[PDB]
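First comes the structure, then the notes that go with it.
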Amino acid sequence: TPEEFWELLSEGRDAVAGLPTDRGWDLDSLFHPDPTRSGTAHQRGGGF
Amino acid sequence: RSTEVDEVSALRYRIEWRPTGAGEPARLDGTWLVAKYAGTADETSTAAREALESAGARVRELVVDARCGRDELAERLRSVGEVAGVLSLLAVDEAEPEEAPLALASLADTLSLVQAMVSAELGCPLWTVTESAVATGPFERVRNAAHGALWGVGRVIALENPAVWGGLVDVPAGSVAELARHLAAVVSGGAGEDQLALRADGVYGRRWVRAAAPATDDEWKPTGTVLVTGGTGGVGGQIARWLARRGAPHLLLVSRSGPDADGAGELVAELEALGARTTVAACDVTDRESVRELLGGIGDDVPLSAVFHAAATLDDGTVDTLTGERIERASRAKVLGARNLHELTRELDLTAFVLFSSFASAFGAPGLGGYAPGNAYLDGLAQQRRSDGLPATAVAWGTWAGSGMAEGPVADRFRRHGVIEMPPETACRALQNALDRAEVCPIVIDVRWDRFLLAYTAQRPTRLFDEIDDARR
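Residue numbers (the authors' numbering), protein chains in the order written: chain B, 50 to 97; chain A, 918 to 1390.
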């Protein structure tokens, strides 16, 4: 709701928690030490 | 394009933390003991209790010391009287004693507390709050891999004492808000989760889930030397044979037995024919400096890129005698050795650092409750190591067909109720695909749920396996 956002914007809360596990995302091929491996993601989270 | 890797597809599974219910909050009664240490003042206690006496019960502290006795907590629990459950806050914000990962002070006290409740005839579910001991996915870093050891034995404790074991409740590192927000519902939850990971974005239950194997085009080769720890023991034995088959330029089966192993010369000859430059070495893995001079003893002619830690010692895994130092000197070959190899290879460009673990940390296994922590430390090491710049693969090997490292009384029992012998001629291809997908922590087992459902969810319904589709039967 636009009221529960004022309880995130007014008390200074970051919504960046982590990647979704609901969505059947691999979450294992998304992250490899090689930063140029095709299929990997660089952010280890984000507000989802 | 693939039909054989389909058998591999049915072999590889992964543990993913799916958002579960925070439990159904019921007004508790009697007392809930916040069992922990006394060394430092804990805001964790004040935050947990504020929703514990508000949960309907009262809050009582139980200061447990490192190997203070398998009985002390029992007479203390009897002294207070009937308890509806206990909150182990001894595994919060606690460093690994750098002496040994399995000598984690908390693991010992958790085991002693479990068997003290068993000996106290109290019959209440114990909950173990852990500080980010496990990750809800590779988007999180497992702070202390040793702590997952508790989780390891935790997944076994429920198979011994469903009444005494409630489960584990993982909370983020440093923040105690998730405790106040959820513990009251979680410990009293009718949802049934024995594995909990409270995060800012909700409540996550551990779940076994099918691993997809599209057979990615990327190919891992054994190029370089291979530090096969416990290379004589089958778990490393067939792995080294497979290396030589795949084209390993160099091999370095290393094990205290080594040249003095029953099957050393035979193994060496096999891989010497399949591949080349194979070397067996009688060397300790527990000592940091032994591995240091072994890796410095690794000829500068060939770099090391494939440390395959396979050694694992095991005699018994019964919670009745399981104390923390017992787990320690039982599996020090596994954990310390893995810690030493990790800390040494942090400066090495390894294309593979596969930690060979078992199902004991994947699901519960009686008689492997002392073998479970070591595998749980292995899983946590790969979960972080992949949260750094060094690839690691914690394959949870089910019953190996030919080895004897975990092929003992428990293996033959589980053979007739679920996990069956996975043939090496397909488990080696499972390892190949776990390095083709660069899977951080795979679980390769041939478990039949027709027999597994009535051998796991029978004593404790577990929502762990409510994500695998053919686990309904």
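Quick reminder that beta carbons are idealized off the backbone N, C-alpha and C, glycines included.
- Shown here, A/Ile1156 sits in a helix according to DSSP, grouped into three states.
- Excluding its 5 nearest sequence neighbours in each direction, A/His1334 has C-beta neighbours in its own chain below 8 Å: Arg1368, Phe1369, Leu1371, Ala1372, listed in chain order.
- Taken through DSSP and simplified to helix, strand or coil, A/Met1322 comes out as coil.
- Only residues of its own chain outside the window of five on either side were considered, and among them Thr1316, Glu1338 have a CB closer than 8 Å to the CB of A/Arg1332, listed in chain order.
- Residue contact check for B/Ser59 against chain A: no CB pair falls below 8 Å.
- Cβ-Cβ distances below 7 Å link A/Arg1263 to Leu1307 in the same chain, with the five nearest sequence neighbours on each side left out; the list follows chain order.
- The Cβ atoms of A/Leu1253 and A/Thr1203 lie closer than 8 Å to each other.
- Close CB contacts of A/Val1364 within its chain, under the 6 Å cut and outside five residues either way in sequence, are with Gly1335, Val1336 (chain order).
- Counting along the chain, the unbroken alpha helix (DSSP H) around A/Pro1290 starts and ends at 1289 to 1302.
- Not one beta carbon of chain A lies nearer than 8 Å to the beta carbon of B/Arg72.
- Annotation: A/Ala1129 to A/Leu1039 spans about 44 Å, alpha carbon to alpha carbon.
- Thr1053, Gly1054, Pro1055, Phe1056, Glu1057: these are the residues of the region 1052 to 1072 of chain A whose beta carbon lies less than 7 Å from some beta carbon of chain B, given in chain order.
- In the structure shown, A/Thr1316 falls within a coil segment according to DSSP collapsed to helix, strand and coil.
- The Cβ neighbour count for A/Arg1072, taken over all protein chains shown within 10 Å, is at least 16; the residue is labelled buried.
- Using a Cβ-Cβ cut-off of 8 Å, B/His81 counts as an interface residue toward chain A, since at least one Cβ of chain A sits closer than that to its own.
- Within the same chain, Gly947 come within 6 Å of A/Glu999 by CB-CB distance, once the 5 residues on both sides are set aside.
- Within the model, the alpha-carbon separation for A/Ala991 versus A/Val1093 is close to 28 Å.
- Beta-bridge annotation (DSSP): A/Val1046 is paired with A/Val1086.
- In the three-state reduction of the DSSP assignment, A/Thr1268 falls in the coil class.
- In the structure shown, A/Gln1349 adopts helical secondary structure according to DSSP, grouped into three states.
- If you check the CB distance, A/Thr1142 and A/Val1219 come in under 8 Å.
- Its chain contains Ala1097 as the residues whose beta carbon lies nearer than 8 Å to that of A/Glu967, once the 5 sequence neighbours on both sides are disregarded; these appear in chain order.
- CA-to-CA, the gap between A/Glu933 and A/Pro1378 works out to about 18 Å.
- Between the region 1075 to 1093 of chain A and the region 57 to 73 of chain B there are fewer than three C-beta pairs closer than 8 Å, too few to call the two in contact.
- Counting of Cβ neighbours within 10 angstroms places A/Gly1216 among the exposed residues, the total staying below 16.
- For B/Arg93, same chain residues with a beta-carbon under 8 Å away, outside a window of 5 residues either side, are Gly67, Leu68, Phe80 in chain order.
- Taking a contact to require three or more Cβ pairs closer than 8 Å, the region 1185 to 1202 of chain A and the region 1155 to 1175 of chain A qualify as touching.
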